[PDB]
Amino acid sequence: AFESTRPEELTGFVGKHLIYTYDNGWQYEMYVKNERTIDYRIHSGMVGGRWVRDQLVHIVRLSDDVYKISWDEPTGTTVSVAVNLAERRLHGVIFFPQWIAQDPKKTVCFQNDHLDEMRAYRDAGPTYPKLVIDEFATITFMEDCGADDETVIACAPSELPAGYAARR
């Protein structure tokens, strides 16, 4: 299932830590913690406040500058993000189950402490139709944190020093 994960091709991407704003104004943050894991933190928008550690992902190199990260969430949401490092442009597609569209705050938590809850909501549904969000984003801040730094994304967006998400 992770056959396509090729660490040797990902050395320019693993370790990246990006803050970005989608064209709809939602502000997101992702840390590429290793070849198969991300942490992420949502700052604003429909699910602002939600954050997630140790999400297993599929990370591939598309070109020298472009990388893709795709994953399935315990809520039922599926995601594929691409990043163009050179252009500092991200694109995401997010397929939300209908239950999230109807009541998105249900997912606004530190997910890792609410896994059973998320699975229950997922299982109760409804699932369909999906709310599909497909948007470009500007990468406003990007840094290289190296792999397996557990401090990059370790608290809620409300617990960060002033101006954190507004940098660059």
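The first residue of the sequence shown is number 1, and the count goes up from there.
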query: Stretch with the greater mean C-alpha B-factor as recorded in the entry, comparing 50-58 against 137-145; finding: 137-145
query: Candidate residues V66, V132, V32, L115, the one whose C-alpha B factor the record puts highest; finding: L115
query: Where the record places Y40 (Cα B-factor, split into thirds across the chain); finding: lowest
query: Entry-reported Cα temperature factor of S70, expressed as the chain third it lands in; finding: lowest
query: Among modelled residues of the same chain, the CA temperature factor third for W99; finding: middle
query: B-factor third for the C-alpha atom of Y128 within its chain; finding: middle
query: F110, C-alpha B-factor rank within chain (lowest, middle or highest third); finding: middle
